[PDB]
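**Student:**
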Amino acid sequence: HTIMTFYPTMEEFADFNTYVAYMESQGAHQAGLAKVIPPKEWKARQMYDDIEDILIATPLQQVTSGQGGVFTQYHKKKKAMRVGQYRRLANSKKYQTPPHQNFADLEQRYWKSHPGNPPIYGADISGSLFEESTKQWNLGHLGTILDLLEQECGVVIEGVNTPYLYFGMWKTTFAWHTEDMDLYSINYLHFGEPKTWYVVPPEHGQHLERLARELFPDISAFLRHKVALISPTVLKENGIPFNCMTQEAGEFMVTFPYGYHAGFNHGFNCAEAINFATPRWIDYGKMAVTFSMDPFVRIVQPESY
Ligand SMILES: O=C(O)c1ccnc(C(=O)O)c1
Ligand code: NI
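This is how it looks when you write it as structure tokens:
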């Protein structure tokens, strides 16, 4: 019902699989989204002072159209750029975060800004900014059963079982979606301005889907497509429960199966994300970017093959 925030100690932090099982035992999955604040001692990496030359092969210009909190988003591929150029562009007068009193103010401006000036999103960059020295909660090495996909079938899907980086700027958005194969996801905000998340509890996913079909007749399973934006007001107006949580630098966000989510970046930032699985996911996977469930059912549910 409500988004939980967890504050693990280092000892609690060590094993990812175990801690996610713990989060679920406390009901975290019910809201569709949980925040995890790492222990004070922990770092993803020592310094981020060597990233200006990182290549953004295909920055995406995000064009919105629509009215009254209901928008379609379209992505135009732009020419390659480096992170340094991208950062400068993000902080330029044309693209910078507008002045705001607080979050509520900024959120209202975000929703009121559509269609408006299309931002550029450095999304879907194959890569990681975690160091190998980081042995807890390293998005390249979570060690969940999702590793069976590569290990048993040799299947590599970038961004699903390998990490993606997202360099964002004001107003860049992720439209409503669930993850491929109804997998979990984890998102770590390395640095920069916040990222605001909206989530609809899994219990109410089907209601969101119905509302979406009504709101986007021409387009209508089109949500996993990541193209529909629906404002909080429109959700409230149609009686869809949702939660809103802002993620700040140094914080993790975990999304759970059947948890629809959407959001936006406040300003220049850098996030890293990957999907993962648990034994609980397998039956979602059975019902569900597609891949075979064979290795999972065979190895994790030998009883039930
Ligand atoms: O763009 C993002 O930050 C984001 C957030 C949540 N999910 C996705 C996704 O592609 O699954 C992307
Ligand atoms: Ni997602």
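Residue numbers for the sequence shown, in PDB author numbering: 13 to 232, 237 to 304, 314 to 330.
A virtual CB, placed ideally from N, CA and C, is assigned to each residue, including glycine.
#1: Jot down the residue ranges of each uninterrupted alpha helix (DSSP H) in the stretch 74 to 133, minimum 4 residues, whole runs only, in chain order.
#2: Comparing alpha-carbon positions, which option in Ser37, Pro213, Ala46 and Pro131 lies nearest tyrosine 274?
#3: List the residues that DSSP assigns as beta-bridge partners of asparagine 291.
#4: Relative to the C-alpha of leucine 201, which residue among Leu101, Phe292 and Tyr178 is closest?
#5: Since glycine 180 is in the beta strand (DSSP E), which residue starts that stretch and which ends it?
#6: For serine 329, count the other beta carbons within 10 Å of its own beta carbon; 16 or more makes it buried, fewer makes it exposed. Which is it?
#7: Within 10 Å of its beta-carbon, does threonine 185 have 16 or more other beta-carbons around it, so buried, or fewer, so exposed?
#8: Starting from the Cα of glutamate 53, find the closest Cα among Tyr31, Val75, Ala26 and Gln79 and give me that residue.
#9: Is the beta carbon of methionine 93 closer than 9 Å to that of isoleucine 68?
#10: Is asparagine 173 near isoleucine 290, with beta carbons less than 9 Å apart?
#11: Indicate whether the contact test is met: 3 or more Cβ pairs, each with one atom in the stretch 193 to 200 and one in the stretch 266 to 283, closer than 8 Å.
#12: Are at least three pairs of beta-carbons, each pair with one atom in the stretch 65 to 82 and one in the stretch 113 to 133, less than 8 Å apart?
#13: Report yes if the C-beta of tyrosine 178 is less than 8 Å from at least one heavy atom of ligand 1; otherwise report no.
#14: Touching or not, the stretch 31 to 40 and the stretch 112 to 123, by the rule of three or more beta carbon pairs under 8 Å?
#15: With the cut-off set at 9 Å, would you say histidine 277 and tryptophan 209 are in Cβ contact?
#16: Is the distance from the Cβ of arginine 240 to the Cβ of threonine 294 below 9 Å?
#17: Kindly indicate which three-state DSSP category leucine 223 falls into: helix, strand or coil?
#18: Tell me which residues share the same chain as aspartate 136 and place their Cβ nearer than 7 Å to its Cβ, disregarding the 5 neighbours each side in the sequence.
#19: Could you tell me the distance, in whole angstroms, from the CA atom of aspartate 319 to the CA atom of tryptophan 188?
#20: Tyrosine 210 bridges to which residues according to DSSP?
**Tutor:** Checking against the coordinates, here is how it stands:
#1: Taking 4 residues as the minimum length, the alpha helix (DSSP H) runs contained wholly in the stretch 74 to 133 are 95 to 103 and 115 to 124, in order along the chain.
#2: For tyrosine 274, the nearest C-alpha among the options comes from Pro213.
#3: For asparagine 291, which the question treats as bridged, DSSP gives the partners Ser197.
#4: It is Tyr178 whose Cα lies nearest to the Cα of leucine 201.
#5: Where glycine 180 is concerned, the enclosing beta strand (DSSP E) starts and stops at 176 to 180.
#6: By the C-beta density criterion, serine 329 is exposed, having fewer than 16 other C-beta atoms within 10 angstroms.
#7: By the neighbour-count criterion, in which 16 or more other beta carbons inside 10 Å mark a residue as buried, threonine 185 falls on the buried side.
#8: Taking the Cα of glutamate 53 as reference, the smallest distance to any Cα among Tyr31, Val75, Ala26 and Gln79 is reached at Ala26.
#9: Result yes, Cβ atoms of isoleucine 68 and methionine 93 sit closer than 9 Å.
#10: It is a contact, given that the beta carbons lie within the stated cut-off.
#11: Flag = yes, the stretch 193 to 200 and the stretch 266 to 283 touch.
#12: Yes: at least three Cβ pairs fall under 8 Å.
#13: Yes; taking the cut-off as 8 Å, the Cβ of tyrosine 178 has a heavy atom of ligand 1 nearer than that.
#14: No, the stretch 31 to 40 is not in contact with the stretch 112 to 123.
#15: For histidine 277 and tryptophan 209, yes; Cβs fall inside 9 Å.
#16: For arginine 240 and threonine 294, no; Cβs fall outside 9 Å.
#17: DSSP, read as helix, strand or coil, puts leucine 223 in helix.
#18: These residues qualify, in order along the chain: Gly171 and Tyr176.
#19: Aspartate 319 and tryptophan 188 have their C-alpha atoms spaced approximately 29 Å apart.
#20: By DSSP's assignment, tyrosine 210 forms a beta bridge with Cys260 and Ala278.
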